[PDB]
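Notes for the one structure printed next.
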There are 2 protein chains.
Amino acid sequence: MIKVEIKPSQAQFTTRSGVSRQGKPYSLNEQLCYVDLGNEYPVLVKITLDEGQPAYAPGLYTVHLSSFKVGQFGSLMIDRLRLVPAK
Amino acid sequence: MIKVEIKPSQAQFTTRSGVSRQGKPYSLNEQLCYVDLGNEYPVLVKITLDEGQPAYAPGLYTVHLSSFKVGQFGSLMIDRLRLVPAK
C-alpha cells in the first residue's frame, strides 16, 4: 500500500496563518498550515503553503506536486510540502 | 503504481567517492554515489550515502529509510537520500 503520509488534516488542523503584511523590496503572501507525519509516530510539522492556494481540509493527502528539489547536488523538499489525497 | 523514483543505478552510476581523509575536530567518512531522478525528465543528483554503507548497485530503488526530516518546522531530506528497491 503506502507512501510518505501526512494522513493529515486533523480537524484541529484546519488553519491558514500568514506570517506577514505586503512586502515589496522583500514582500509577503504567507498562508500557513499545521499537519503531521507518519513516521515511527504520527507527527506534527507545518506546511507553509501557497498563497493562491487555499487550505487543505481535514484528511490524508500525499507527495510531490513539486515538492522535492536539488537545489544543488540535492533532493530538496525545499520548495514545498505538496499534497494530494491519499491515493 | 508509483512512488518517488531514483529508478536508478545506471551502470555508469556505480561509484562511491569519498570527498575526504580522516578528520577529528572535524572528521571524514564520505562515500558518495551518483543517481538520478524521475521528475518530468529522469534526473541526475548525488546521494552522499552512508559510510558503513556500501554502494547501491545498478537498479530502481525508492524512499525514506530515514530520509526526510523536520529539522525545524520542516520536512527535510536533510538527513539523507535513502533507497530501497522498487517496491
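Letters go in sequence order (proteins before strands), and every chain restarts at 1.
Atom CD1 of A:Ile2 is separated from atom NE2 of B:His64 by 10.0 Å, given to the nearest 0.5 angstrom. One finds the CD1 atom of B:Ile47 at 10.5 Å from the CZ atom of B:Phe13 (value rounded to the nearest 0.5 Å). Residue B:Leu32 holds its CG atom at 4.0 Å from OG1 of B:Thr48, rounded to the nearest 0.5 Å. Remark: B:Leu76 CG to A:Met77 CE distance equals 8.0 Å, nearest 0.5 Å.
Here the shortest heavy-atom pairing between B:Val63 and B:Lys3 reads CG1-CB, 4.2 Å. Nearest approach of B:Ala11 to B:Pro58, heavy atoms of both residues: CA-CG, 4.0 Å. When all heavy atoms of B:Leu83 and B:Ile6 are compared, the closest pair comes out as CD2-CD1, 2.7 Å. B:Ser9 approaches B:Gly59 most closely through the heavy-atom pair CB-N, 3.1 Å. Here the closest non-hydrogen pair linking B:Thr15 and B:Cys33 is CG2-SG, 2.8 Å. For the pair A:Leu49 and A:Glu30, the tightest heavy-atom approach, listed with the atom from each and the gap, is O-OE2, 4.1 Å.
Proximity of the aromatic rings of A:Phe68 and B:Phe68 is defined here by a centroid distance below 6.0 angstrom, and this criterion is met.
Evaluation of the salt bridge (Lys or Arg N to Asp or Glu O under 4.0 Å) test over residues 55-68 of chain A, restricted to residues two or more places apart or in two chains, returns none. Legend: salt bridge (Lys or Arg N to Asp or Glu O under 4.0 Å) pairs involving residues 57-73 of chain B, not counting sequence neighbours, sorted by first then second residue: B:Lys69-B:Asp79. For residues 33-43 of chain A, the side chain to side chain donor-acceptor pair (under 3.5 Å) pairs, not counting sequence neighbours, are A:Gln12-A:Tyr34.
Under the rule for a side chain to side chain donor-acceptor pair (under 3.5 Å), B:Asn29 has no partner lying at least two apart in sequence or in another chain. Residues passing the side chain to side chain donor-acceptor pair (under 3.5 Å) test with A:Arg82, sequence neighbours excluded: A:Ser66. Contacts of A:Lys7 classified as salt bridge (charged side-chain N to carboxylate O under 4.0 Å, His left out), with partners at least two apart in sequence or in another chain: none.
At distances below 3.5 Å, at least one donor-acceptor pair connects side-chain atoms of A:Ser67 with backbone N or O atoms of A:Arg80.
No more than 12 heavy atoms of other residues, nucleotides or ligands lie within 6.0 Å of CZ in A:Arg16, so this atom counts as exposed by the packing criterion.
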